[PDB]
Amino acid sequence: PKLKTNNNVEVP
Amino acid sequence: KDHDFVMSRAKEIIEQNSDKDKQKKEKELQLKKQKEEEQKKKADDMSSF
Amino acid sequence: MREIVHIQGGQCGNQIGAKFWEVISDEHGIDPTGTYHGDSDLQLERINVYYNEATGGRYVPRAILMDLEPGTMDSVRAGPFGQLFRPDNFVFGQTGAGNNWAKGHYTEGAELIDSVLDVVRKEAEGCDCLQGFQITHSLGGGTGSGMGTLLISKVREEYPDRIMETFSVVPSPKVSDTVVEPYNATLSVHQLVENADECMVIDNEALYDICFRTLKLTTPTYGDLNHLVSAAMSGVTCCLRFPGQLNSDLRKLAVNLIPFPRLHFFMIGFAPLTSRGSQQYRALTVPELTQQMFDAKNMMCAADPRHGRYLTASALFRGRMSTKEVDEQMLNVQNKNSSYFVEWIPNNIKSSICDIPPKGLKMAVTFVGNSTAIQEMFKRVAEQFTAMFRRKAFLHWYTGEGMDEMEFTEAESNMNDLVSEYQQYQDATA
Amino acid sequence: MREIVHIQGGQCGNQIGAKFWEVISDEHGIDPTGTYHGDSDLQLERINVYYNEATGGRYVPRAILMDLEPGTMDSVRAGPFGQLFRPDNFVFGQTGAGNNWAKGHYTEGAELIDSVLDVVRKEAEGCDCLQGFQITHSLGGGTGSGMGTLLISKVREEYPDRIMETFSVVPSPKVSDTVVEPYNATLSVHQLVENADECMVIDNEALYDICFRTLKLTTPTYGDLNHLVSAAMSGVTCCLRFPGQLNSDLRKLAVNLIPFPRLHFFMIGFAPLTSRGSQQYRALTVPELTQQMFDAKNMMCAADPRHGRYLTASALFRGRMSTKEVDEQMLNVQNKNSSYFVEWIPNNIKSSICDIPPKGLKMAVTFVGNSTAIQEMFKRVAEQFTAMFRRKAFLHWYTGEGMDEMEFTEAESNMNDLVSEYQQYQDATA
Amino acid sequence: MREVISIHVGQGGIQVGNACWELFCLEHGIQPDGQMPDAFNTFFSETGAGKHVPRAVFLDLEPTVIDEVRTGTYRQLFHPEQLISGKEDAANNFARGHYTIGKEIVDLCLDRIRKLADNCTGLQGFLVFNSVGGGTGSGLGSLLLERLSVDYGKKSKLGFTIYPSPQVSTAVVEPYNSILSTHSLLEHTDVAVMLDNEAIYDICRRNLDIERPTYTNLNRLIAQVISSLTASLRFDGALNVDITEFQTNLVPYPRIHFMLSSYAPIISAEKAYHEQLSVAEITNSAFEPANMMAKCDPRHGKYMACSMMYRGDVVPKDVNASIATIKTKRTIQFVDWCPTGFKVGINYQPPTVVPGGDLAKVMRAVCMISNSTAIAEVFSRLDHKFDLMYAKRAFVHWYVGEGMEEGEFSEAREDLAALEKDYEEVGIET
Ligand SMILES: Nc1nc2c(ncn2[C@@H]2O[C@H](COP(=O)(O)OP(=O)(O)OP(=O)(O)O)[C@@H](O)[C@H]2O)c(=O)[nH]1
Ligand SMILES: Nc1nc2c(ncn2[C@@H]2O[C@H](COP(=O)(O)OP(=O)(O)O)[C@@H](O)[C@H]2O)c(=O)[nH]1
Ligand SMILES: Nc1nc2c(ncn2[C@@H]2O[C@H](COP(=O)(O)OP(=O)(O)O)[C@@H](O)[C@H]2O)c(=O)[nH]1
Ligand SMILES: [Mg+2]
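- As recorded in the entry header, the structure was determined using cryo-EM to a resolution of 3.7 Å.

Structure representation (structure tokens):
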């Protein structure tokens, strides 16, 4: 699963 | 408008409490923890040995 | 296939389940002795969703009951349909929490939860294809709001891809029965947003308002509130147990009602609801159902839905009816109320049809809408929390069991951030 | 053919046999007068395994009963099914051992054992094809743990190729009834490893735990513990007395469960076990049997099997059932628990099916698993032994009958070496 | 020696497949059991003695609809192991049915396709049905088309997709997967026919005079259109048309193959016989903008080519005399570079009536398949709906977490922009 940061960047 | 001010202020207040607490707690905690761990290890190892 | 297990905690959750399982058993024709006596073939085809099979042909719910005191489960066993529950699933402590969140989440709830997690793991590993879990608990109590939410995190850590439901009763400031409600409400909301895939808030004040105004019965009791909550609970998973024109499991609702992963707090409502004396006057038609469905007083929460704009909405029609009428009525309810629907997401109403109506009714509707008006509840909860916390009232009870004020500050900040970022999209424009 | 004789010693062994023979007689339909009154043809085909034939058509067990005091055998004769035992096989002394291992192994047990060995030799020389011997005795008593173990060596010296079984009750530190238990437990374990082909440990504490938690009966007695032990004992040799899909005698289990000649200490368990009030709720299926079979609380020993890794396992299913389901369930119980199974020996579970279920039950399972978790019992026994021996407490009783402290030191060293080399393979990796 | 294989995927696909398979069985005289109490060979296969097996395969991940099929009156017709079913639904998520759960099912479907194709000797092509606004339908349709395009190559595939209505919608997220599926089938399908529900609702309301239609009424009209399209392969006619004779007559350029259909007459038995239903009036009704089977206005664009099928007792001279009248009218204008744009087919078999249905029995009917420049409006409005939510990246987390990359949304947008530019470039006169 990836998390979306508050800047809309998906980080593993 | 006051709701917002209070929420911001409360957030700030949280930060203030946290900051004071964090510094004191961190210093104390580190010293005490290190000492306790060492002693337990110490004595147990020697007697066990 | 695609079945779910039931887990309930606390006194309020146990009382909700004691009526939810009665409603389910009456729907499937299961006698309080576990013997099927139904009339229709469809009553048995998908019974594996909620019931297990044992030798002798009787059925047993896959429910897990937990509390920190034995009284409530010792009382629910003597009630009707109380024998269905397997005695092995009853887990309890000998001390209780005393409405203290710290005791039910750090000191006492941590040691006991291993036994209940053992039976939870036994139930989930065995089942054919897991769909997910549904949780009933109250945010106004200590043991419930602590142990249930910690169990949520423990379950999520082991089954990250399954779906998780929570039906949560939040303490309203109107009908207050406990003085320490804001503390364990605020602490619980902090953990609940991080792990629950879906959350459905229910308020006792709204239930009393509905019972007094729509049903117009003189003396409401907890049995009526439990019955309404149970009907609403059953309405969500009806099409997963019965055939229909457009089947829609829980995951499909999760896809279509949650735009962003942190906005998953819905408020629900059930239609139709009519008084005993006026049940003959009314005629059940799709317009009559949809006009009551979007009625503000019909919501199971005191939050006023015309104080904000719906991000999305869902409806689960029951009974045999024409789809063209349903679609045109959904369009009409969205054209006449364009001011209360957010404009940068068009066609934000989901509909589903199930051909099997509730026993005794020809048509029924369950409504699940994600609206921005829910901010008012968190606002008042945080207002009471910050009014009580500034003097450090009742704080020593929590701080005497390993908890500190830093976790209170972080919880307040995260809750306020949630409140702010939930309304951020209300003023957003295209 | 391939029959075995029964030899029991001490009070505990005599009480175990008094229920084991009752269970066997009830299984084969033999009345307490020795007259067959069974219903099925299969009840008589392989009766030569345990029973001899005499004139008049009655049957007599080939059991040998020995003790250093006459009270227990004078009491077992008046009990039900007490008349089956041949009066000639009763051998006893007039003094007793007083829970002193030295007296029951050096001074008194040495002179008496010639008479019992005479009848043992009479029984073994006569029988068609010997399979082996099975021994029931307790390690917490003097006369039993001494005379039985010396008899083990004497039998092994004369029949080196036959198989030898021992069902041994070891003294747990929780329920202690004798203060000198560690001494004669440690002395007996030293001799038992050198001669017994198979050993099965049983603990009274685990039996009480099972009776209190699974059966949930209010007042356990020695009759219930004896009944559980008797059912477990009968389950092992069932397929040797009845037809089945995959017959498996004791020697076949010996081949498949003992990797190295010194690792032959197993712990067992019996399934199903249900309370009287819940015997109607449950449905008997292979998954239900296998989930209870590997349950940690179901083991007949207090040793916790998830504190170590199984070297190998065995299961003896009873009743008529499909083999495909048994094999797939055995595979599933081994894929979901790969952490608790040693990795350098693949496919370490043995299964067998017997088509004749126990009287009154449709399916039953006997479990025999060789696990590394058994080290904890020897650890605590040796801990108590070294706590008591360092002060030479109660040592004069043993040293006054020709024994010395050197045999205590050697026994302690050998037991510790066994403990170490049993766990040596737990950390071994491929 | 001419065959065709129809693929049904998703709930809408299966529900329209049921609708077409009552009609075919009724038209060829085959009872629901599959037994007759040489034209069948196009859709069916002979088993040697007795029953006929359809050349169709049903696909779905959600088991409810297939289970309903396998218990209805048609349980004996379909081969038991060509009704491929999954366990977990995609839940309107396109990424699920293209990357997560569809891949494990697609292999069985391809094996079934091979096993059906090896039986046919004169395979004309494939038919596929799928409702576009769903997860499993769009995703599995895309994956199957992509696999078939490389396994077989030049074989023709026809897609009867059902796009969402301009304003009426059942889901809230269907523009995303509609755009992605249009991307997928733009470069992979030879013919795509428009089928949105709103236009057919209006047709039923205006002509059939039904005020409460359900999905079955829509599916029956679609089934009639399919039967009219494929009648020429299995009945004698004065002017035959084959499936392979389409891309040479309706598809000016490889990119442009989306066209919209119409049918005439549509009338009930209560007022059908009062009017003569001449060929001129039916061919006038077929070209009426209000009788388009997709909610698009042909008056807003040029025509490119019209392929229109007749069946019954129609005479070619009457057809020519009516094509001339349509060429005369000033409200219908063709593109400059196409002097003649009509392809005419005539068949003798009149349309068959389904008992208990809506349509009456008539001797003449007309079905038109027309390619027009006005179709770009649906693409433009779907694009506008997509952009509104893609501006804020709403609902994207439900797709990124199912294995799809972030940039996959943009290239579908670019391909739609390219298609819209191409449609504008083609429609300008030289
Ligand atoms: N014409 C027609 N359209 C249908 C029918 N049933 C569903 N649809 C359309 O299908 C769209 C959604 O896709 P569905 O077919 O219902 O579901 P699906 O394709 O199986 O995808 P999943 O939701 O993942 O199961 C809706 O927007 C409907 O407009 C039907 O019976 N007839
Ligand atoms: N609907 C409903 N609510 C209840 C019932 N009993 C208690 N409650 C609510 O639960 C709240 C108290 O929760 P509590 O019993 O302390 O939860 P616990 O700490 O987990 O046992 C009160 O505010 C009530 O409104 C019931 O039978 N039905
Ligand atoms: N299962 C069972 N165990 C028994 C019974 N009687 C005694 N014991 C156990 O045997 C142990 C004492 O053994 P003991 O009688 O001294 O053996 P002996 O010296 O050979 O006579 C106690 O710890 C009891 O737990 C019985 O009837 N059943
Ligand atoms: Mg579906």
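### What to know about a nonpolar patch on the surface
Residue and element names in this part refer to chain C.
- A cluster of nonpolar side chains, contributed by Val179, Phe394 and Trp397, occupies part of the molecular surface with about 350 Å² of accessible area.
- With respect to the helices and strands, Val179 occurs in the loop between β7 (163-169) and α6 (181-195).
- Looking at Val179, the relative accessible area reads 60%, which means it is exposed.

### Some details on the site of ligand 1
- In the vicinity of ligand 1, 19 residues are found, and the nearest of them are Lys252(C), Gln15(E), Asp89(E), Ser131(E) and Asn197(E).
- Between ligand 1 and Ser131(E), the relevant distance is 2.4 Å, taken from an oxygen atom to a side-chain nitrogen or oxygen of the residue.
- Between a nitrogen atom of ligand 1 and a side-chain N or O atom of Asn197(E), the distance comes to 2.8 Å.
- Here ligand 1 has 630 Å² of accessible area as a free molecule, and 94% of this is covered by the chains.
- With 4 residues, helix α1 (residues 10-27) of chain E is the largest single contributor of residues to the shell around ligand 1.
- For the shell around ligand 1, the per-class residue count stands at 4 nonpolar, 13 polar and 2 charged.

### Details of the state of the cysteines
All names here are of chain D.
- Under the definition given, this model contains 0 disulfides over all chains.
- Between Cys238, a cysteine without a disulfide, and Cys354, which holds the nearest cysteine sulfur, the sulfur-to-sulfur distance is 4.3 Å.
- Using a relative accessible area of 1% as the deciding quantity, one classes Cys238 as buried.

### Re the UniProt feature "binding site: Mg(2+)" in chain E
- UniProt feature "binding site: Mg(2+)": in the numbering of this structure it lies at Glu62(E).
- Examined against the element boundaries, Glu62(E) turns out to sit in the loop between β4 (56-60) and α2 (64-69).
- Sequence-distant contacts of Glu62(E), that is, excluding residues within four places in its chain, are made with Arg2(C), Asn247(C) and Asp89(E).
- Looking at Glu62(E), its side chain comes within polar contact range of the side chain of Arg2(C), at 3.2 Å.

### Section: helix α1 (residues 2-48) of chain B
- Taking 1.5 Å of rise per residue, the 47 residues of α1(B) would be expected to cover 69 Å, and the 65 Å separating its terminal C-alpha atoms lies within 8% of that figure.
- Inspection of α1(B) places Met7(B), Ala10(B), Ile14(B), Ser18(B) and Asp21(B) among the buried residues, and these make up the whole buried set.
- On its buried face, α1(B) sits against α13 (375-389) and α15 (405-424) of chain C.

### Observations concerning the site of ligand 3
Residues and elements named next belong to chain D.
- Around ligand 3, the neighbouring residues are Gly10, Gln11, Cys12, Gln15, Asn99, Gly141, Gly142, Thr143, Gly144, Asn204, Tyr222 and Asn226.
- In the model, an oxygen atom of ligand 3 is placed 3.5 Å from a nitrogen or oxygen of the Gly142 main chain.
- The side chain of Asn226 places a nitrogen or oxygen atom 3.0 Å from a nitrogen atom of ligand 3.
- Surface burial for ligand 3 is 86%, taken as the share of its 580 Å² of free accessible area covered by protein chains.
- Of all the elements in the fold, those that place two or more residues in the shell around ligand 3 are α1 (10-28), α5 (142-158) and α8 (222-236).
- No other element matches the 4 residues that α1 contributes to the shell around ligand 3.
- Considered class by class, the residues forming the shell around ligand 3 number 2 nonpolar, 10 polar and no charged.

### Some points on the interface of chain C and chain D
- With 8 residues of chain C at the interface, the matching set in chain D holds 9 residues.
- Where chain C abuts chain D, roughly 680 Å² becomes buried across the two surfaces, and 47% of that area is made up of carbon and sulfur atoms.
- It is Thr55(C), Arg86(C) and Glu125(C) that lose the most area in chain C upon contact with chain D, and together they represent 62% of the buried surface on that side.
- Applying the counting rule to chain C against chain D returns 0 salt bridges.
- Its residues assigned to classes, the side of chain C that touches chain D comprises 2 nonpolar, 2 polar and 4 charged.

### What about the packing of aromatic side chains?
Residue and element names in this part refer to chain C.
- Following the criterion strictly, the structure yields 63 aromatic pairs over all chains and no others.
- Ring geometry for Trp21 versus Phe85: centroids 6.4 Å apart, planes at 80°, classification edge-to-face. Of this pair, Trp21 sits in helix α1 (residues 10-28) while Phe85 sits in the loop between α3 (71-76) and β5 (90-92), and the two are 64 residues apart along the sequence.
- The exposure class assigned to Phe85 is buried, which follows from its relative accessible area of 8%.

### Overview of the interface of chain E and chain C
- Of the residues lining the interface, 39 residues belong to chain E; the matching set on chain C comes to 41 residues.
- With both chains or domains summed, chain E and chain C bury close to 3,800 Å², and 54% of this area falls on carbon and sulfur atoms.
- Three residues, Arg212(E), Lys392(E) and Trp398(E), lead the burial of chain E against chain C; their summed loss comes to 18% of the area buried on that side.
- For the interface between chain E and chain C, the tally reads 2 salt bridges.
- When the shortest N-O distance is used, the salt bridge between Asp67(E) and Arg46(C) registers 2.1 Å.
- There are 17 residue pairs in polar contact connecting chain E and chain C.
- Contributing elements (two or more residues each) for the side of chain E that touches chain C: α1, α2, α7 (197-208), α12 (376-390) and α13 (397-400) of chain E.
- In terms of residues, the side of chain E that touches chain C owes the most to one element, α2(E), which gives 4 residues.
- Partitioned by chemical class, the residues of the side of chain E that touches chain C number 16 nonpolar, 10 polar and 13 charged.

Rules used throughout
- Throughout, a per-chain count from 1 in the order the sequence is written supplies the residue numbers; the entry may number residues differently, and those without coordinates are omitted.
- Both sets of labels track the order of writing: A upward for chains, 1 upward for ligands.
- The displayed chains are a subset of a larger assembly; all values refer to this subset.
- Side-chain numbers here rest on the full set of heavy atoms in the structure, without hydrogens or water.
- Only residues above 30% relative accessible area that lack a salt bridge enter a patch, with like-charged residues linked at up to 9 Å and the nonpolar side chains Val, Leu, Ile, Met, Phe, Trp and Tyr linked at up to 5 Å.
- A 1.4 Å probe and the Shrake-Rupley method give the accessible areas. Residues count as covered only by the protein chains that appear here.
- Salt bridges, as used here, are contacts in which a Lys or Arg side-chain nitrogen is within 4 Å of a carboxyl oxygen on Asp or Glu.
- What counts as a helix is a DSSP run of H or I of at least four residues, what counts as a strand is a run of E of at least two, and both are numbered from the N terminus.
- With a 1.4 Å probe rolled over the protein chains alone, any residue whose accessible area is under 20% of its type maximum counts as buried; one over 50% counts as exposed, and the rest are partly exposed.
- Here a residue is near a molecule or strand as soon as one of its heavy atoms is found within 4 Å of it.
- Two N or O atoms count as a polar contact when they lie within 3.5 Å, although within protein this holds only if one can serve as hydrogen donor and the other as acceptor, and sequence-adjacent residues are included solely when both atoms are side-chain atoms.
- Under the scheme applied here, ten amino acids are nonpolar (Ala, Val, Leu, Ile, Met, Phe, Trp, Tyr, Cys and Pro), four are charged (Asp, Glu, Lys and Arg), and all others, including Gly, are polar.
- In plain terms, two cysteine sulfur atoms within 2.5 Å form what is called a disulfide here.
- UniProt positions are given in the numbering used here, feature names are shortened, and annotations may be inferred rather than shown by experiment.
- Two residues form a contact once any of their heavy atoms are found within 4.5 Å.
- To estimate the expected span of a helix, subtract one from its residue number and multiply by 1.5 Å.
- Buried surface area refers to the total accessible area, computed with a probe of radius 1.4 Å, that the two partners give up upon joining, counted for both partners together.
- Pairing of aromatic rings covers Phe, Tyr and the six-membered ring of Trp, with a centre-to-centre limit of 6.5 Å; geometry is then stacked below 30 degrees between planes, edge-to-face above 60, and tilted otherwise.

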